[PDB]
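Take a look at the structure set out below.
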Amino acid sequence: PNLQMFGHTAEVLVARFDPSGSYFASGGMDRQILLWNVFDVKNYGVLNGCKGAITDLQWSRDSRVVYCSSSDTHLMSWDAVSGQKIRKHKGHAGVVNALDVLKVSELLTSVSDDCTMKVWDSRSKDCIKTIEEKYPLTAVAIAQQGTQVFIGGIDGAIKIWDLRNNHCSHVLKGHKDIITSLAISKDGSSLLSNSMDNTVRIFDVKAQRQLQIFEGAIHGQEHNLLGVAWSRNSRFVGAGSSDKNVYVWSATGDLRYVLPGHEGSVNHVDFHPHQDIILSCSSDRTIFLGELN
Amino acid sequence: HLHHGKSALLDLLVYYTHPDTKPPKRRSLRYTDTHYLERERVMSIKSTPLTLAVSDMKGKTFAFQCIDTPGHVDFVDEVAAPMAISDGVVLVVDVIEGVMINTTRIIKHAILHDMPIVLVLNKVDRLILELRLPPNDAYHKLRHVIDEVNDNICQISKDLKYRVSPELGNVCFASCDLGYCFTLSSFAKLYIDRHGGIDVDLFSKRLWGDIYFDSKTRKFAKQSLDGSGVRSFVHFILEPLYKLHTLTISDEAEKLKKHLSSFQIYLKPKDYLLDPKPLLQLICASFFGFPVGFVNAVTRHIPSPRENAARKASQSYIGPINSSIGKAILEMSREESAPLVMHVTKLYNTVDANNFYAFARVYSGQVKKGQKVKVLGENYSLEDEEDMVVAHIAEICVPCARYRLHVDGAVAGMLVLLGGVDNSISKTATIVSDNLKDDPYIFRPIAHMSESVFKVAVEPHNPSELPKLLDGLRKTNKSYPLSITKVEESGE
Amino acid sequence: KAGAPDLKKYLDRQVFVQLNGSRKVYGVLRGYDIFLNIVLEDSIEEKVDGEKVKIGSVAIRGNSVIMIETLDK
Amino acid sequence: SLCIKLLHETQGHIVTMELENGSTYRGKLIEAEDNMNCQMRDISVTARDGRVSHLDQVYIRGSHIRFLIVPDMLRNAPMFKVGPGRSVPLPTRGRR
Amino acid sequence: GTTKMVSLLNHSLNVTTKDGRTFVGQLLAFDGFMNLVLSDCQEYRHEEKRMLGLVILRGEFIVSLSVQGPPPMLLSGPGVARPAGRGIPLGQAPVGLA
Amino acid sequence: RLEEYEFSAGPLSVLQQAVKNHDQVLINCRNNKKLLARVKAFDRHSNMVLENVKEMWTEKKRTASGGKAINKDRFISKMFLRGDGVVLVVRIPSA
Amino acid sequence: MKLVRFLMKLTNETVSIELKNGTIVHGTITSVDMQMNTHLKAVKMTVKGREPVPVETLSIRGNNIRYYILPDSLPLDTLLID
Amino acid sequence: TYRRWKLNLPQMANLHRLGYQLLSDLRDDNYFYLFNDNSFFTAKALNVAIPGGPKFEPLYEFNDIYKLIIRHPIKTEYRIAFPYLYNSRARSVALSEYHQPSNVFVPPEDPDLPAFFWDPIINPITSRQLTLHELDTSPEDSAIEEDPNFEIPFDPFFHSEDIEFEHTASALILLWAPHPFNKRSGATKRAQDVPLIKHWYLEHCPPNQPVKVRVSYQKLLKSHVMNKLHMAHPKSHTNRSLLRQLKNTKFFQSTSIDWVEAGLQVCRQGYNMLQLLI
RNA sequence: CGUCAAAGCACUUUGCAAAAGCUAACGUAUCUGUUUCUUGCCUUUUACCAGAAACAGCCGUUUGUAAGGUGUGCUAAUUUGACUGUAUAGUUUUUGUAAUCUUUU
Ligand SMILES: Nc1nc2c(ncn2[C@@H]2O[C@H](COP(=O)(O)OP(=O)(O)O)[C@@H](O)[C@H]2O)c(=O)[nH]1
């Protein structure tokens, strides 16, 4: 099958599976996160409260608590079993754009239009660290180790920071413009990155040079943050584009699947943790589950 | 007597125990009326039973097993029925009406069967607002009611084992509208818990009249008031009631805050900007708390089911006391071995008119589902066994007016609702277990305090449906003690 | 505080008190206190030997008291 | 307070207790107090030695009690909220 | 205060007393004098045990407190699914341009 | 109200006097273990915060074979003493 | 107007507490009350005439506390002020 | 928005005192006995008619004179009290409220004497008819005789407040007033839904009136029954409201003006709207 | 009144949902229509007389929730909830009758 489920009122942004592979969550401009099943593809809770639009979901690695990143500074927290509020992580003085989580579900990183990175504990309700750069930040990724945090800004310079040192250790180079989504592999050994130059580049974690520049997935005037993912094997790379197409790569530098279906710009493509399924979201208010037999 | 505030007394308890329940706006609430006929008319009609977990001074919880009785003069039937089961009688009397008919008619009939009495002077608040008597002249109007109770006692017995008076503990001043019942002992506590150390007992003796208090000497006397001797009662109870029902009311809301802060009652500022009667209710329920007095005034005078077993078995049981059943009653045996003894008086309609629950006191042992049971009648004797009939106990349940508590095993001491045992029964009908030692005896058929008298003929409007009417007339005889059917020679 | 105890039913009756130091006394109960200080008349000791010495009117302290009994029902 | 009301509720039942004395007493309880006074009947004492005795009536001082032992059904009993300006727990319809 | 003491409520506790004896069981009720009520209690005088039941201790008698164990123990949103389809667009290029 | 009055005139004034004079003190305890130190602050219950404390207390070997008096000292930097343990205070000046 | 108020500042540090009972207790303080009732975290307490046993959440009936042996790093002058 | 209002005691006092000439004077309800919305239903169903009240269309061997006992005819009033007893084949009937407590509050005519003053209408209270028990000690004597010297050091609760206050008179008069005034904090109806003088035509007509009137009184009463008979209980629904839909399109604008202007406005608008049709 | 927690707050405009759960005024008010029947006055049908049952509309009411508007504060104010909320060194609990020794198994 394919399954193009409808439900949201307005532009949807982010849609992700549990780490387990038993649910979706989705939510964009609706101010409504809508949970789903995978295997009778039905809705669940209408997580209501966020007074800004959602920009990023992420399941806790317990598969119970959910975290948002509203446009009104809040980062909310939700008990996916019951569906009640837990907290309002009040901090930033602007619009949050990305979130990331660890193994230990306890630490979270967010990224504002205040040019401020901030690490959060799920127990304090306050910031543990505050890394002020200069130009409004956009994408962030934290490693599996719980050590390296990658920041993506407007300079095209993916900076790398550790939790012990807090020094500008390294800076990725050769990306001319804008970053819309970082993504660390299931190894902890390589990033993915969507630039506004349409060069969906991979980078190294440890020597730190490029690997493979992919090219063929356009951003334009919309200025949405488009996403990228690593497949459960780390064989395939799934980048969406404003051309209504989900450009899946071969990770060897070869375009295999280029499946259309959406009527509007695509945002955050994902992969299921085990069985080969693709979550693809788009302003359109629609979502697909593209499979491979 | 009618509308004296019986059904509303229990409601006052209910409210404190069942948090969800709220008063309908138009009309009072009358928990324990239930029947839609009892609500169109508004008068209670069929006596209903309750049980609830009521607390006491200090805190001890007992399980009351109350029974609202119809106060209309014509259903005295359904006063007497449970009289042959209960361990005592609580009275309710209106401090404005006084002691009308049914109050005598019952007091008299109650002492005959050695029922110890507990007075509850209801609607006192009313005599402060409706009548607006001054506090001293109201005292006389109270005392007067208590006396007149006793003038109906004196006629039936000159004994001073009974004698209803607040000095002792029998009498309870309460208004079931505003939510407060107190005895003299309870009012005392109030002062005492707020002011160091004296006995409750050495206080409450002196609070009743023909006694006075000198604020100068701080001591009591029978001395006729020299100057400003008031009357202990009116000094320590009424006049600091009277104030309440004129502080709340008269919108001196600045004062109330300072005074109610003394007692550490803290309201929200919305509540003063509220409404007279339902502000009152809110204050009077925050100051006099739970109706503790009335609890303490029952558990001290109405005896526990064991103690009364001795006396109650003598006047009701026909047979000998020396027998094994006569003995098992006296000790209130709660074993398997013991013979099972009930005593059914009233049957209750259920939510559809089809069936009848039974209401019997379990006098001995245990009752459980599916037991074989010899259900005796009235005309029974050791000679003929034509009255007795075997039957199976379908459901045992504990009553609470509207809801019911499904129980597996009954026990001696309790009142119960039985399922299944109907068809043999019409009016009184003792139950007794089948497998027994010989000669099971009956319980005395209730003494109704009014003959039937009024007569009415009943033919069906269509004669083809005469069976159903006949089936119906049997069902009345079940749920209406004094009714009697009697087919005429003609066909009526 | 100061709950005046229920010793009304013991007034003008014989008693068998026990006190601290395993020492005990018989007497007619005359009066009692908030703190349970007691007034006994016709006070007789019960020594560890068992030798019973008549004393008279006596005021036992509250603190000391362990308990208070009745000889005859 | 609730630790006192539970006591008052076991009046009538049979109770075991321990005193600073060292001995334990067992009997039907008739009256209690906020002080922790007691009034019991048909008591069966058992000291450190093991010496049994009979005491018809007894009064106590709470100060002298170490701890009580109470029947089992007294665990389903209600534990109320009490309030700032009330002595006895009881249930509460009114404000708070 | 007594904010901490409410937090202990309904936990299995280990309570040492002035005598040396140690009681164990859940905590049902608590006081300003530190009167504790305990459920299904067991003393350990010391290779020893006894079963009591419900025990009410005084404040005088109690020394220390310690937890043994922990406390004992949105229907359907609007969204709907559908099957497949995957239409091809005649045009290429981005969404806003043309 | 009246608590202020007694701190100046009464018995407790001599600690307030001594502790302000920067004085040392000998305290006899209920533990049978005397305390020798200099005081920082005190209270109406005799709840005292001591600094640089040194104890003096006897002992026995208690049938080691199947014993004699031994004195033992220990220095403590800071010590809050609950006044219930105190039985006797000796407010001795250096001068 | 109490020295007890100073102990509410004390929270967080470790102390070896002595009691009337004659025990000794190393552990971190969490909270201190006006009635002296202290609660401790990560405790190693030892009884008079027994081996030391570690307890997680110890709390003490203030009445029994003889004295706190405070850590040497704590400034007294700052804490004695309201 | 002007929903919900809360009024002071003295204010409600004046309003009462100003409106006095309109609102009623019954307080009891017993007054109505056979003049309730229920009774009038049964009348309608039994096809009988009660004297002062309305009269509708109809709605819809064993007897033997020699078996009956003729003793006092049995009136129509009797059937409308106990319809199941005195009347046979009784259907579509409603049973009425049998009696209420009876109010014993007479309001103070001469407002100088205090709020709590023994009125001369109440009977003396004498009790020389009675015969009580006898005890030698006497309850009061005994109670003091046990210990006369004992004391109570604290004195009563409200020993500084006096039983009356400034408004405690005015207030008691309200408690026992007709609906709208007793409330002292309401809701806010609309001028159409405040009937003013409906209670004139319930109480039932004072004597010595002409037939012109007495007939009108009934016709008014009929209506009031006939509604209270069919009143439905309202259906659940979301609020439509036309006049806020039109306000949400771009074709209507809002402004505030004088009444008489907007009366003329309409009166004209309609003139033209017919002319253009003609 | 006191603590803790949550939240901007009061006032207002629209949108969207609901409103017998255990016999009860969503509205102490109250109007028109359709169908099916029964009777009135009647022969032109409409327009009507005045009862019933079954459906409908209309004029209104309440609540929750979402987005807004005005005035005020976001270096504050207000609301809302929750609570095992009082201070006692001199006899019944938190300013100790404790301390100490020795023998038995
Ligand atoms: N003013 C006032 N009226 C009361 C009070 N208690 C009950 N009532 C009235 O008395 C009636 C209750 O009658 P009730 O005794 O429950 O009915 P019964 O079953 O026939 O006795 C209601 O109309 C109440 O308004 C009271 O304390 N004060």
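Among the listed pairs C:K47/E:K18; B:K25/B:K268; B:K327/C:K73; A:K129/G:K44; B:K427/B:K468; H:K183/H:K228, those with a Cα-Cα distance over 25 Å are C:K47/E:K18; B:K327/C:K73; A:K129/G:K44. Distance from the Cα centroid of region C:3-73 to that of region H:227-278 is 94 Å (rounded to whole angstrom).
By the beta-carbon count within 10 Å of each Cβ, the least crowded to most crowded order of H:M273, A:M76, fewest first, is H:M273, A:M76.
Each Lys or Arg adds one and each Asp or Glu subtracts one; over the other residues with Cβ under 13 Å from the Cβ of F:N71, this totals +4.
The distance linking region B:1-80 with region B:467-492 is 30 Å (Cα centroid to Cα centroid, whole angstrom). Global size of chain H: 30.7, 107 Å for Rg and Dmax (C-alpha atoms, Rg to one decimal, Dmax whole). Among B:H343, B:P305, B:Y480, whose Cα lies farthest out toward the positive end of the dipole of chain B, if unit charges sit on the beta carbon of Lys, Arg (+1) and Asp, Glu (-1)? The Cα lying farthest towards the positive end belongs to B:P305. Within straight-line reach of A:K186, meaning a Cα separation under 19 Å, sit the following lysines at least 8 residues removed in sequence or on another chain: A:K103, A:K206. Take the Cα of H:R128, step 7 Å toward its Cβ, do the same at C:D72, and the gap between the two points is 5.1 nm.
Residues whose amide H lies under 5 Å from that of B:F443, counting only those 5 or more places away or on a different chain, are B:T430; hydrogens are built 1.01 Å from N in the peptide plane.
Partner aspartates and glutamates whose Cα lies under 19 Å from the Cα of F:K33, excluding those fewer than 8 positions away in the same chain, are identified as F:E51, F:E55, F:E59, F:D73, F:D84, G:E18.
This ranking places H:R244, H:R79 by how few other beta-carbon atoms lie within 10 Å of each, fewest first, which gives H:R244, H:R79. Of the residues A:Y247, H:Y86, the one with the fewest other Cβ atoms within 10 Å heads the list, and the complete ranking is H:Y86, A:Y247. Centre-to-centre, using Cα atoms only, region G:1-76 and region B:231-275 are separated by 48 Å. Please report, in cubic angstrom per residue, the volume enclosed by the convex hull of the alpha-carbon atoms of region A:126-284. It comes to 129 Å³ per residue, whole-number rounded.
Considering only alpha-carbon pairs that sit under 8 angstrom and 6 or more positions apart, the relative contact order computed for region B:355-478 is 29 percent. Couplings 3J(HN,Hα) of region H:245-262, computed from phi: 7, 4, 6, 9, 7, 7, 9, 10, 10, 10, 6, 10, 9, 7, 4, 5, 4, 6 Hz, in residue order, whole Hz [Karplus 6.51 cos²θ - 1.76 cosθ + 1.60, θ = phi - 60°; x for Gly and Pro].
Pairs of Cα atoms nearer than 8 Å and 6+ residues apart set the relative contact order; for chain B it is 14 percent.
Using only side-chain charges placed at the Cβ, +1 for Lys and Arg and -1 for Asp and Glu, the dipole size of the protein assembly as shown relative to its Cα centre rounds to 3340 debye. Size of the protein assembly as shown: Rg and Dmax of its alpha carbons, in Å, are 42.9, 136. Dipole size of chain B about its Cα centre, with +1 on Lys/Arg Cβ and -1 on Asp/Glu Cβ: approximately 1960 debye, rounded to the nearest 20. Peptides A:40-46, E:13-19, F:86-92 ordered by packing proxy, namely the average of other Cβ atoms within 10 Å per residue, highest first: E:13-19, A:40-46, F:86-92. Got a sec? Charge dipole of chain G, +1 on Cβ for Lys and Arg, -1 for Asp and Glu; which of G:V53, G:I69, G:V4 is way out at the positive end? Selected residue: G:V53.
For chain C, the relative contact order comes to 31 percent (Cα pairs under 8 Å, sequence separation of at least 6).
None of the figures in this text is laboratory data; all of them are computed from the coordinates on show. Every residue, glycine among them, receives a Cβ derived from its backbone with ideal geometry; neighbour counts consider all protein chains shown.
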